[PDB]
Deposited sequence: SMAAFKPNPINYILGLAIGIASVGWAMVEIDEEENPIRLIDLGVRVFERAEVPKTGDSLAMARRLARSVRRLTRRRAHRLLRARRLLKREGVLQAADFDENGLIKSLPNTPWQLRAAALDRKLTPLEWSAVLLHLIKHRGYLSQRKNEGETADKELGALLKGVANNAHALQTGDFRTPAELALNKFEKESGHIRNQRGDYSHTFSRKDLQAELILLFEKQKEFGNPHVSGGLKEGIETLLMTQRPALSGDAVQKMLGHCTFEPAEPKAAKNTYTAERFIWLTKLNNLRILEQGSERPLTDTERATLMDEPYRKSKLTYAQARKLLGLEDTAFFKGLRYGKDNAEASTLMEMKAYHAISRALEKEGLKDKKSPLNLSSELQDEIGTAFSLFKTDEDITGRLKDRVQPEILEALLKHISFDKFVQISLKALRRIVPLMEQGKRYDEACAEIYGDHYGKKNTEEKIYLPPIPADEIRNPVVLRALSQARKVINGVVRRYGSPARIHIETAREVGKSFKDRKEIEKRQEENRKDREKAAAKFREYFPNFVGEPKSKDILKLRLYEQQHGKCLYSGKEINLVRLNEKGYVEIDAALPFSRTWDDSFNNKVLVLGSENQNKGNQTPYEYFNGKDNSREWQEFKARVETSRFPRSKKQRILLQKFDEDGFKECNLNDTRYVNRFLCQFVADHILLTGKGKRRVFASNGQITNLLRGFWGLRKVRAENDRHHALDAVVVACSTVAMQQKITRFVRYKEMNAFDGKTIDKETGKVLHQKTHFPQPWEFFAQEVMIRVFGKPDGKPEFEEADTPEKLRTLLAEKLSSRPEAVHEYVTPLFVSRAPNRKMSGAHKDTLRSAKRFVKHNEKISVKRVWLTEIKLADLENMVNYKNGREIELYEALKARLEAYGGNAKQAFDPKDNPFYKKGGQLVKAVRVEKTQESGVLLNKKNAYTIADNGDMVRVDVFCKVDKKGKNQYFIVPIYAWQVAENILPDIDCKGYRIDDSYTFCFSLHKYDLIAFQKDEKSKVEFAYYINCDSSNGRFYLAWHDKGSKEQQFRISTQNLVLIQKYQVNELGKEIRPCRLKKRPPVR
């Protein structure tokens, strides 16, 4: 059983194609065997184009935020009890404070004029901690957050406002009518230092007025809780994110702000610099060499005049000849200079004289400040290595933030040769021998660490899966990469239009085609050479497969008929459903020299990768569920803003459907009619506010929404429900006893149910399943199923996408049918007479599968 393969593969943003021929003698093809194609779905979010890992990272972030705020307030209450502000009777069973006032702003303002109750004081402290304002956290033209906070800081620094509470109450409430920020506005934010000042002033004033709980421990604890945050970077956070040195793989990259690395950059600039008059000898280089070290900034014109030069010869590679950008800095020794500045103003350094330190000491402090950012870590690396006065000055002034590509060892080895005049390549060759790649029968797993794009990463991991399936089944081959213009890097550019090279190069076989048995294709040529889309990727696959002058001929007609059974002419063709109609049809229609199918027979349909993850999440909107629980009526209630409302919501208003407020409904509907449904304009704030009967503003109204199912949240504390969302899988249930026909039932399983470890027993429209119902199987996203509509039908295998919770309907699509809007089909199955499972291998191994053990959730 020997064959030989030169099968080509096509890469798309969501697709991968393959088609196998066997050119035998030397670069001269034969007829085809097993054409095929697989397809997946992108590593992005369809609507927004963000990364799926991005939503996950923001979930982690907000989880940590809420947890830390809860814990902060918890410790605040503990400190309140510990310092004797409140007694154990003032705390309820949940650990919350009973009769805690809801007037913290007014109390914060009155605390400058009178004494505060222990409960008023506790409310004030916890409110200050909870809304603890914005902290600069930074190492121009400000936006809106910074604008608002800076304006408020300037406002309480001028006149009638001693604290944010006074300014807040008086100005905010009398000018706007509310104190907090509303609907994305930032104009009421205070800087955390302003609130810290409020806290110190409040403690002092309360001590004046005879507050008993002005304890030092209490003040320290409240101030700590207010000010403390975790460091953004700590420990090995920077090191874990570093790359690998080019020559020394066991050694980390050197920091850009170190004497060694900065001088390495300087030497690269100097040695590589050439003057043109219609290189630079060691004396001129050595003149310029130590000039930037204490001369502040070395521009190119200063270098020219420093070495004399002329006006007749030039230093190559510079733009803007007319604008005379000769003061563009040739070199700035920024790390050395910043260290010197720091030690000059704060510590001890004569500005005229050059600050000095063991070159290794400069390297240590540069490394410590680039790799560690908090004072604890920095001193923990600089305590025993150097002494504390300079350490304090440097900790207070210096901040370095980038790296280079060569390790400190390799640099300390290279820089000497570069000072002597040798170049980077010459020094690297003299040291490492100017030679610095195992091949395998299977391509090993892809590395993701060499490119940002998850789209490309997933596309190429699936490309590797496909080519390794080719290598497994159809022997080892001689592959012809072909990546699309859309496939490389898309979204903004892709929406406007609407790494594997090296990996394969070094990690897999080539069978002696000179140097390489590969051909990197140029699909432009593919578009030219060919002399509402189905599985159309045969094109790029074999046009990649077949080192050309670029226009050689062979014949096509067969290939079209193998790609589509209805092809080689009009598409009303029968499209052979079996392999033997394929062989017969193609053979006889091409009758002539039977170069093609007979023994190879290959029916193709795209291999669509399935999604059987169990992870997921419910919807992020919280809705009232009091009626959903207490009276089991299948509705929820949610506020809707008037600027986003429509007549459907207006008719579903809570106080309209129960006739409570009919005239309010009439006025709102009247205004929305007056603008033809333009809710953004009918109820525009500060241009067209809506006023209820009696003069009260209306900004949003509660609207009822049909709630057949959902997940209940905060069950210990409230009646809240959220839409189910993220159906992870739906399990089938087969029952015959219709007294006659045999029926199907489908029960959906969501993510919150895989989290609560519950396995439902309610068919979408049907009701409870007993031991009478017979479980058939369970399917997920993008699984293949058999499909027999009714009495008479072709079995019509197709892939499954969605299930409808209302009636158990199924969104489907077949091979080459991918566009959801264009090509999904939606079949019902209460009477479907057979619905079956299947498996599709990478290539085309469409063998049915079946399991009868109902797989539970964990």
Worksheet entry | Parts of the chain sequence, as deposited, that carry no C-alpha coordinates in this structure | 1-7, 147-153, 293-296, 455-458, 501, 522-676, 710-718, 734, 739-775
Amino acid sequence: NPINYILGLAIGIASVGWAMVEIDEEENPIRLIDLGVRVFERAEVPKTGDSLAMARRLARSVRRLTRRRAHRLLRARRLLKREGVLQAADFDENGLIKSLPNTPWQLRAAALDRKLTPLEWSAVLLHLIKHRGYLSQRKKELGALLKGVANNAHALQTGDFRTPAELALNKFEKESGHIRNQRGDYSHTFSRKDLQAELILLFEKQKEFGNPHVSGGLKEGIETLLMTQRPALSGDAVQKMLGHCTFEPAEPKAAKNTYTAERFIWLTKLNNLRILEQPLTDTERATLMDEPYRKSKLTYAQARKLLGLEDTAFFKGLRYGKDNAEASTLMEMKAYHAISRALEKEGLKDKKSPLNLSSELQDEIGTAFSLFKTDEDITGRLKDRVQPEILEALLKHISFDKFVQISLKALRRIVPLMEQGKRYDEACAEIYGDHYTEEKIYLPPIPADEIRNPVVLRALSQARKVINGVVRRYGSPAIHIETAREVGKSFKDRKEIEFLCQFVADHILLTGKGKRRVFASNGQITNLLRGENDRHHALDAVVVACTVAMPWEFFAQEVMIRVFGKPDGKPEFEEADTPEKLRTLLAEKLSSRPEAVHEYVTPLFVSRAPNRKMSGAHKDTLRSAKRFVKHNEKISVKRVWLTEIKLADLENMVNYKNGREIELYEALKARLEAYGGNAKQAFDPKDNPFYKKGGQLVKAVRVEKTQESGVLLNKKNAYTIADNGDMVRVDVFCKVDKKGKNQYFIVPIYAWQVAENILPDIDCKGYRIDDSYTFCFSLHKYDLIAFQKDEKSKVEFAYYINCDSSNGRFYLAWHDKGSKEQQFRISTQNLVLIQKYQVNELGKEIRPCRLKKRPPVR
From here on, numbers count along this sequence of modelled residues.
Response to the item:
Assert higher mean C-alpha B factor (692-700 or 556-564, deposited values) equals 556-564
Practice prompt. Decide which of the stretches 813-821 and 61-69 has the higher mean C-alpha B-factor, going by the entry.
Written response: 813-821
Worksheet, complete the sentence: Of the residues 400, 264, 314, 134, the one whose Cα carries the largest B-factor in the deposited record is 314
Worksheet, complete the sentence: Per the deposited entry, the peak Cα B-factor within the set 525, 273, 417, 156 goes to 525
Worksheet, complete the sentence: By the entry's values, the third containing the CA B factor of residue 372 is the lowest
Item to complete: Taking the values exactly as deposited, rank residue 28 by C-alpha B-factor within its chain and report the matching third: lowest, middle or highest.
Response: highest
Worksheet, complete the sentence: For residue 77, the third of its chain by CA B-factor is the lowest
Worksheet item: According to the PDB entry, is the CA B factor of residue 380 in the bottom, middle or top third of its chain, that is, lowest, middle or highest?
Response: middle
Worksheet item: In terms of the chain's CA B-factor thirds, is residue 285 lowest, middle or highest?
Response: middle
